[PDB]
Every structure is written in C-alpha cells, then in structure tokens.
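S.K.: My structure is below; once you've seen it, I'll send some questions.
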Amino acid sequence: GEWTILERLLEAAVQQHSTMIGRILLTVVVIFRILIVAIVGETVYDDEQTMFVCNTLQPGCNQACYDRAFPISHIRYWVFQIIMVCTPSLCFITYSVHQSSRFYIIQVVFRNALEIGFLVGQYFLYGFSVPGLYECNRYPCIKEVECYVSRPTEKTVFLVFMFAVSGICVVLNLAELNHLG
Amino acid sequence: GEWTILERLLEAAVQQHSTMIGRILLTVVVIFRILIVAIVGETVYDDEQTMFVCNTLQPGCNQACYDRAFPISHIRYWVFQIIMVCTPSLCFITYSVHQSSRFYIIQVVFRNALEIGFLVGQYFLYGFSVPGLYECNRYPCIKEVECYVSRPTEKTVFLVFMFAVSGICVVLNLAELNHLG
Amino acid sequence: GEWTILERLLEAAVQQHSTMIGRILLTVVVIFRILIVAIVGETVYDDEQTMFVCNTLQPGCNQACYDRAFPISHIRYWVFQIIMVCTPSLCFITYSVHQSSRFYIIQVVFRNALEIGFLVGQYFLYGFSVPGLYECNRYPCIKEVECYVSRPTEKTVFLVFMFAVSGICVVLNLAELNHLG
Amino acid sequence: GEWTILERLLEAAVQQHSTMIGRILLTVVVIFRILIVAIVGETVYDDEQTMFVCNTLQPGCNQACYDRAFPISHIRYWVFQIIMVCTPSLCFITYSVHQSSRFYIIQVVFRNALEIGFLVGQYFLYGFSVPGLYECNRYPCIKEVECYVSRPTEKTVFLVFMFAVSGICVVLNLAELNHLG
Amino acid sequence: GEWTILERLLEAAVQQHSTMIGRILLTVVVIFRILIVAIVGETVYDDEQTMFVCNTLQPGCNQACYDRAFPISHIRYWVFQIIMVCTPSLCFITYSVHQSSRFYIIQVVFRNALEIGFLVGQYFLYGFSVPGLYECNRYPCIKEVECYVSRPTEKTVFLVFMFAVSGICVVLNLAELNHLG
Amino acid sequence: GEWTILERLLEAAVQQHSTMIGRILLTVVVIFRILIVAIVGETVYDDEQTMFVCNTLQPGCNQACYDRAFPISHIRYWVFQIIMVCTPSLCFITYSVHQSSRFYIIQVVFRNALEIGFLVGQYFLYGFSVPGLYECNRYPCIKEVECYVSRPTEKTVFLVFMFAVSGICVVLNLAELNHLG
Amino acid sequence: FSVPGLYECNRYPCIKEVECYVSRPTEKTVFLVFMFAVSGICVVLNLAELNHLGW
C-alpha cells in the first residue's frame, strides 16, 4: 500500500501537546507496529492460499477449507488495527482548523477503548499459535479431511510478537489514563 | 495505482471554506475509505479468478461463470466511487482561478446525489454477503454447474464495512443539506 | 508506469493563459482519464492472455487467436491517447523559453484534430462491446475454432465509459473552437 | 526501473543554452520516447518467453529457439538507446562544474553519430515487422521445428512507431548540424 | 517495504552529538546493512518455497519439511535486526522534545546488548552455511525423506557476509564502550 | 531496490573537491553502471531459475545443477560492486562533520584497489560468455546430465558491456593515481 | 429399440444432472434390432408348433 500518505498525516498530526506517556506510546506504535507491518509482514502472508493444500480429490474443497481456517488474514487485521488506533490522533487535524484539553481527554479514553478492543479481538480470532494441520468438515468436502498450512512457525512468531506489542501499548494507555485520574 | 496524485490534488482542494459537517465528512472520507482501499482492499481481490473453480470439464466455462458471478470487481467499484465522490471538491481548483457561495450549494447537492446513487448501486449490484457457492447456467457450460469462490468471508466483511461507511457519509451529507436549509 | 513525470510536466505546463472551456476540458482530462487509467485500468487487462483459452489441441493456436482477436490492448491505446492529447499543452514548455495568441489557436486546432482522430479510431478498432466468444480461422488452427475471453463485461463497461468521456472532450473542443470563431 | 533519477539528471542538465532545433529535439525525445517506453513498452514484453511455444517434445528447445529468434529484447534496446542518446546532454553537468561553444559543437556531432548508429542498428537487428511464426534449426532441437510468437502485432506497431520517432530525431539532428555549418 | 520512512527517521535522528566511533558505526550500519538488505537480499529469498522440493508423493510434506528446515527466513531476521538495532538511536527524537549525557550512556549499553544478542542468535539459528540437502522426519511425511534447497550457495555467501558485518559492528560497540569507561 | 537512498547519499557526497579525472570517473559510474543496472539488468535475470531445465527425471537435479552453474547471479554481483566502489566516496560524509588532502589520497588508493579487485573477480567468476548448454555431474543427478540456460545471448552482451565499463573505470583510476604521483 | 449416444444422469455423487457419452451406439442399436428380429422369428415358430400339436 501507500504508507507514505498515512505517514504524512501522522507527521502533520503529532503537532499536538502530549505528555511523556503519550510520546512513549507514539514511539512504540511508530517503531514496533508500522515499520514491521509495512516491511516484514506483507511477504509472509503472500503465498498462503497458493501453498495451502488438502488431501482430497474434491474440486472446491481447498477454497472452502482455507476460508474456514483463515477467515481473515493476520496482516489485514493488523493493518486495520493500525489505521483505527491512530484515528483519535488524526482527529486533531480537523479540531485544529476549528480552533483556528477536553479533546485530549476524549482522545485518551477512545484510544484505550480501541486498544483493549483490538487486543481482545485478536485473542478470540486467532489465539496464540498457528498449527500446521487443520481438520475440515465443510461442503463440498466429504466428511472430514486434513489440510496443511504454509509457514506455520513464522506466523506463530508474528502472532506472539504482535500480542506482546499490543499488550505494551495497552499498559501505556492505562498508565496515562491513571495519570489523568 | 498512483494515489499520490489524487492526494496532492485533494490537498490543493481542501483550501475551500467549509462547515463543521463538511470537515467531519472529509475526515471520514480520508480515513475510512481512501486509506483502506489503497492499502488493504487490493490484495484481497488479487487471485479472484486464479482461485475460482468450477466442477466441469468444459473449456471456457470458468471464464463464463466468473464473468456471470462477478461482473465488476468490488475493489474497482469502490475506487471509482472514491474518485467520483471527490469530484465536487476537486472542481474548486478550477473555480478558484476564475475568481482571481452558490458554488458551495451546488457542491453539496451534487455530493449528496453522488453518495446516494453509489450507495443504492452498491446495494443492487452486490447485496450484503458473498456466498461460497455459485450456480451457473451459461454457455459453453452444460445445463447447470456449480462453482466455488475464493475468500468469501473476507469479502463479506469488506462489503459490510464499506456499506456502513457509505451510510455514515450519506447521513452526514443529509445533515449538512438540512443545515443549509 | 511512472505517471509522476507526466504529472510534473502537466503541472509546469498549465501555467498558460486559458479560457473557461479550456479549463473545463483540462479538469475532465485530469479527472476522468488520467486518474482512472493509472489506477483502475491496468489490473483489468493483466491476465488477458493467461486466461484466454481455445477449444483445440493445436500448439500455437492460443497465440494466433489472441493476436487476431485483440491486436492492441485497450489500456495501451488509452495510455497512448492520453499522452498524445496532452502534447499541444506540453509544447508550451518549449514555446515559453523562446519568448523569454497564434500558438493558442494552433494548440486548439491540433487538439481538436487529435481528439476526433482518436475517437474515430477507437470506434473502428473496438466498437461498443467485448463479446465473450470468438471465432478463429487463422494458422496454425484447424479450420474454425472457438475461443473464450476473460472478463468480457468489465471491459465492455470500460469501453462505454471511455467512449463517453472522449465524446465529452470532443464536444468541449468544438465549443471552444466555435468560441474562437 | 527508477526513471526519476534519469529525469532529475535531465532536469539539471537542460540548463544549457540551446537553439530552436535543439529544444524541438529535446521535446521529441522527452515526449515520444521516454514517456512511452517507461509506461507502455514494459508490459508488452513481459510474457514473451512464458508465452513462446514450439511444436516439439525436446527439452531445452524452447530456450534455444527463443534465444535464436529474439537475441535482445526490443524494450531493452530502446532503453539503452535512450540512455546513450542523452549522454552528450548529461556531460554538461561535468563541464559546468569544471568551468566553475566548442563543447556545444562536440555535443551536436556526437549526438548525430549516436542517433544514426542506433537507427541503423535497429534496422539491422529487427527490421520492420515481427512475424507470428519462426523456423528453428538449432540444438537440441531435431532438424527443423516451428515456433509461435506472443503478441506479434502489438510489437510490429511498436517497431514502426519507434522507427518513425528515431527518423524524426535524426532529421532534426541533421537540420541543426547543417545550421552550425 | 517502504524503507524511505525509516531513512527519514534516521535522518532526523542523527542530529545527536556523537563520537568518532559512533559515526564509524553508523557509517557501517548505513552502508553494509541497510543498502544491501533493501536492494540485494529480497530477491534471493523470493522463490525459496516455490523451488523447494522433496522426493515423496505425500501431500503436505513439502510444507512440513520447509517449515522444519527454515523456521524463519534469513531476510526477515536481518530486517528485524536492522530495525531493532536503530531503536536506541531513534529514541533521541522522543528525548529531544522532552529536553526542549546519561541518555548517551544508556544508548551505548543498550546498543551493545542488542548487537551481541542478535549476533549470538544468528549463530544459533542458522550457523555458517546452508546445505543443499535436508533430511526430514516430520508428519505427514513417511519415516525419513530427502529434500532439496534452492540457491544454497548464494545464501551461504549472504550468511558469511552478514556475520562478518555484525562482528564488525560488535567490535566497534565494544571499542566505544571501553572508551566511555 | 530503493536506489533513491543511494542516490541521495551520492548527491550529498559529491560536494568534495575533485580533479578532472575524478569527475570523468564519477560521470562514467553514474551513467554506465547505476542507470543500466537499476533499469535494464534486473529484468534479464528474473526468470533464470524458472526457465532453467535439465534432461532428467530426478527430483532435485534442477536445483543442484542451477546452483553449480550459477553460484551467484550476475546482477547481484554488479549491485554489490556498485555499492562497494562508492564507499570511499561515501566516507566523505563522515569525514566532513569532524571538521565542523591525506583523505583524498587514501580514497584514490582504496578506490583503485576495489576496482581492480572486482574486475579480476568478475573475470575469474564468469569469464567472457554465457553458453547455452551445461554439463552437470552433481548429486542427486545420475552420472552426467545436460541442462539448458535461459537467455544466454542477452547475458553475454551484458557481461561484455560490464567488463568494458569496468576496464574504463580502472584505466581512469590508474590515470588519476599516476597524476597524484 | 435403440441405444442413444447421450445420457443424462443425476445420481450421487454427481452434482445435479450431468451429461455422459456412450461408446459405439450405432453398432449396439443394430445388434439390438437384429436380436429382437431373431427372437421374434423363434417365438413365431414355437407358436406355430404349439398350435399344430396343441388343441
């Protein structure tokens, strides 16, 4: 994608007064999330469906079992999460032209709600690992079939790393929320 | 595509006096539509025809049934909609050099007409979900055949999200239209 | 391609004195032609020969029948037309450094000649629709064979849209030509 | 490729005093050569070897007959020609930083020699058309075999257009050479 | 990936007062690591799984044995290492807006810890060479099978070069750490 | 790759005082090496392993014989050579900030050593031509097999051109070394 | 009285109705008709004898 547009908007938006915890949080989001997804994460999930195979002769069972095993790709969930998390920080651009600290409070509250929601959704959607085998019982497949996954270790490492970074961003959001009191 | 040209034109065009609702609408357009289509939406629809299969031995039946099931791709409809919606806001560039509020009224009415037209067209073209099976009775296929779709859940999520964002932009356009009175 | 060079040249070239109709024409060419071809039109014609199939066992008949059915791709004809149409507006860069209204008249007449020529050539080359079947009687194919086309509806929509935009640009050129008298 | 580097160098290099014919020549080279090769010409020659087929069962005969039929691709010859033609105009940067009309004479002489050499080489390498059949008698192929070419009409059009543009640039070089006397 | 964002951040971050050894280290990291990974290293590891083959008829054994032989790709480990190593130098951006030599000491100690950790991890993960054969005894493969690797010499050269550059950066970090005393 | 970073660094680094021969050498390196590798050389070596075939039924013999015939690709050797040759000219950025002719002598000697080393290494690694046949006697292939190469003439032309340009750069380096005395 | 060249089948595991193609339909039709004729001849003769002896 064209990440430079988002980067220019973030550059125009970081001109808002912030505390120490808010700048530590912005450093973590810029380094550990955007630079890794935009460089490393795209190529891991490139041949996920080309390399996904099932032990069957049934036409259309590969598509059914891949859609049942991976309803949404990890990389697109992370890109959507990155875009949504920076929205409260991107509403400063709109609020500045109107004004030319209640907004700051609303931004902190909404950013905490978004971080916790995305972290819990990531826990329920995927879990903590990506296994190398899948058991599929959907149509048009006959009864139960077995399917095999591409790069299941390099995606488990990615899941664990992303979960750790999201937990760091949630703890920093709760620290700043406690600060405001 | 080269989204940077469109972004430069939008940057040159947002120098027009606007109300609160118009800037909330422009924030929603920039964030929830352009950044998602230009980063996330392209890769979902990349292997739509390579991964589309039918249960037959007839040459040319895959092409016929794919063109009957997906006459126009979702991503290209959304890109065209994004380009067309910003046209009233891009006519300010042309209207500025002549002058160096009737135009504002014309922009608002035309933008509402475009938003409602594209939303209704999206409802009639696609619907609310993308099923995982298709029934095809076109030539050169023999009587009725069954075909299978690639990533039918990650495109249903995309459809629902785009419909929600388009409904938000329509409600904001109607709010501003009521404001002008 | 690298559309940014063409866009920079167009930015440097629009510093010429123009009338109302000439700026309406430049708005139509910038919006409805360059932004659509450079973003939307490339991906439609990407797998045109990979997905083109014929009902035969003869080696080399796919290449022969694809070259007979699509002598020149639509997207390359449109890119060439876009480049050629902007040539009279790009000769201002060369004409400016010499001088540091006859040129304006020459630009208008040549731009009308180019627009009408390309529109008539588009009508004779392609027509108004792209059918989903083709009948081929060229070597090395045996007598008559039947071949099937990829995405024949999404290319008919593109043809009709491009024909409409070209007709709008021709009517505006004739309006300005009548204006000069 | 990264054409923007070459474009920046050409922008820095066109600050040299030039005559009318030299600027007409630079306009023709910028428009009819660089913009067409960098946008249109790359995609025509993309699947030249993937789509090239021969009527045989011999392993390695496709590679041998493709290398015998197309020793050097058209697009790479044109890119090399474009790079070499602009060299006398790119030595102005070095001459200017050294000096911080004999050079102009040397530039004109060398540019005429390069244009005529490349035009004659293009005539001897390729000719005027690209046929759709090839007859191959190289190893490991058995005696004579027949091979089929991909997109042989869209490459004949490209050859004729490039030959016409090169002839225009040669006539302008000879006009300016006669001007200097 | 979009290395230009990282390069802009590095440009903004090198405005910190540094010693001679720190600038020699930054020269080595900029030249021998970032420019080589961002240009050369991506294409070597592009067809690693497409070209990886095993001598079996068992579905899913290629995926299992490729994930067992290459748990994490070399290029992604190097990109992650490059990103992590520059973090202490990127925390200067955050520390500058707060301050507008203890930080310098913390940066040096953390950079030495990161360099030594990544070098030891590279030694334990991969070793010193990439063999051309692999012996695999994982499910679903029957007992022991043999698998063949793509480009095993051009990846051994890459491993040795990267190990040498990492050792140079570690020796320079230890030199500066001894300097501070 | 991202050649723009290297070009920006080269632009920042050419602000060093240089003689006539050093600027002729920099003109040759910028034109005949960087612009050709970054535009033309990548696409020639794109399908080298996809199009490389051997006359056998043994799994894994294609990988073994391709790695034995082409241990390192030509294009990556040339990119590495281009990066390494410009290192003495890129150490000026580090050496300038300390003062904010011994260095010039060190640069000249080191650049001569690098040029001669890379030229001799290119002679020993590859030679003067790329044949169209290869004889392979490595494991797992049975005794001796024959393999066929993709585009063996367009890579011989590239080898000869690169050898000529490298010889020109070596002669200019020896000219300047004799100049200094 | 005939063996057609095409057959339309809708039995599991087939998806809805499918078209199948028979080998040597004309020869099998010829054989069918000929055998019917021969069997008719034999039936006629046996009925003849039945009515000749039977009362």
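The way I read the labels, and the way they are meant: chains A, B, ... in the order of the structure tokens, residue 1 as the first residue of every chain, and ligand 1 as the first ligand shown, with later ones counted on from there.
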If you run DSSP on the backbone here, which positions in segment 30-149 of chain D get alpha helix (DSSP H)? Please write them as a ChimeraX atom specification.

M.R.: /D:35-36,42-44,61-69,74-85,87-98,102-125

S.K.: Please produce an output containing C-alpha atoms for each residue in the selection, written as a short mmCIF file (atom, residue, chain, number, x, y, z; two decimals), in the first residue's frame.

M.R.:
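Result went into out.cif, see below:
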data_model
loop_
_atom_site.label_atom_id
_atom_site.label_comp_id
_atom_site.auth_asym_id
_atom_site.auth_seq_id
_atom_site.Cartn_x
_atom_site.Cartn_y
_atom_site.Cartn_z
CA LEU D 35 7.19 8.59 -21.59
CA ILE D 36 6.18 5.77 -23.93
CA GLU D 42 7.42 -2.65 -20.43
CA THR D 43 4.17 -4.61 -20.21
CA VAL D 44 4.10 -5.69 -23.87
CA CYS D 61 14.32 -26.45 -27.48
CA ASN D 62 12.11 -23.58 -26.30
CA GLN D 63 15.10 -21.82 -24.72
CA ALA D 64 17.29 -22.37 -27.77
CA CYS D 65 14.71 -21.18 -30.27
CA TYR D 66 13.67 -18.18 -28.20
CA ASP D 67 17.29 -17.08 -27.86
CA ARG D 68 17.80 -17.57 -31.59
CA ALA D 69 14.65 -15.64 -32.52
CA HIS D 74 13.17 -4.65 -28.11
CA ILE D 75 12.44 -2.84 -24.85
CA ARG D 76 15.99 -3.17 -23.52
CA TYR D 77 17.48 -1.99 -26.80
CA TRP D 78 15.23 1.07 -26.65
CA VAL D 79 16.10 1.78 -23.01
CA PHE D 80 19.81 1.52 -23.79
CA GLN D 81 19.37 3.80 -26.80
CA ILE D 82 17.50 6.36 -24.69
CA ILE D 83 20.24 6.32 -22.05
CA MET D 84 23.05 6.63 -24.60
CA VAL D 85 21.42 9.42 -26.63
CA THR D 87 24.84 11.20 -22.62
CA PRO D 88 26.14 14.25 -24.57
CA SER D 89 23.44 16.28 -22.83
CA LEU D 90 24.46 14.78 -19.46
CA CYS D 91 28.12 15.70 -19.86
CA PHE D 92 27.07 19.33 -19.42
CA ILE D 93 26.92 18.85 -15.64
CA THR D 94 30.57 17.79 -15.55
CA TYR D 95 31.60 20.54 -17.98
CA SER D 96 29.75 23.15 -15.90
CA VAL D 97 31.29 22.09 -12.61
CA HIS D 98 34.67 22.04 -14.36
CA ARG D 102 33.33 24.08 -28.71
CA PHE D 103 31.60 21.77 -26.23
CA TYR D 104 28.29 22.53 -27.96
CA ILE D 105 29.78 21.59 -31.34
CA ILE D 106 31.17 18.33 -29.95
CA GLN D 107 27.80 17.55 -28.36
CA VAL D 108 25.97 18.05 -31.66
CA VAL D 109 28.45 15.91 -33.61
CA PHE D 110 28.32 13.07 -31.09
CA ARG D 111 24.54 13.19 -30.80
CA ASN D 112 24.20 12.86 -34.58
CA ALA D 113 26.64 9.94 -34.60
CA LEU D 114 24.72 8.18 -31.83
CA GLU D 115 21.31 8.72 -33.44
CA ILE D 116 22.39 7.44 -36.84
CA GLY D 117 24.22 4.47 -35.33
CA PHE D 118 21.26 3.38 -33.21
CA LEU D 119 18.80 3.81 -36.09
CA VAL D 120 20.91 1.68 -38.44
CA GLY D 121 21.45 -0.91 -35.71
CA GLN D 122 17.71 -1.08 -35.11
CA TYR D 123 17.16 -1.62 -38.83
CA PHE D 124 19.68 -4.48 -38.99
CA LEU D 125 18.72 -6.19 -35.71
#

S.K.: What is the atom CA of residue 128 of chain C to atom CA of residue 167 of chain C distance in Å?

M.R.: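 Pair atom CA of residue 128 of chain C / atom CA of residue 167 of chain C returns 13.4 Å.
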
S.K.: Taking only C-alpha atoms into account, find every residue of chain G that has an atom no more than 10 Å from chain B, and write it out as a list in words.

M.R.: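 Those within range of chain B come out as residues 14, 15, 16, 17, 18 and 19 of chain G.
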
S.K.: I need the residue nearest chain E from this list: F:141, F:20, F:130, F:25. Use only C-alpha atoms for the distance.

M.R.: F:141

S.K.: How many Å separate atom CA of residue 133 of chain F from atom CA of residue 54 of chain E?

M.R.: 25.9 Å
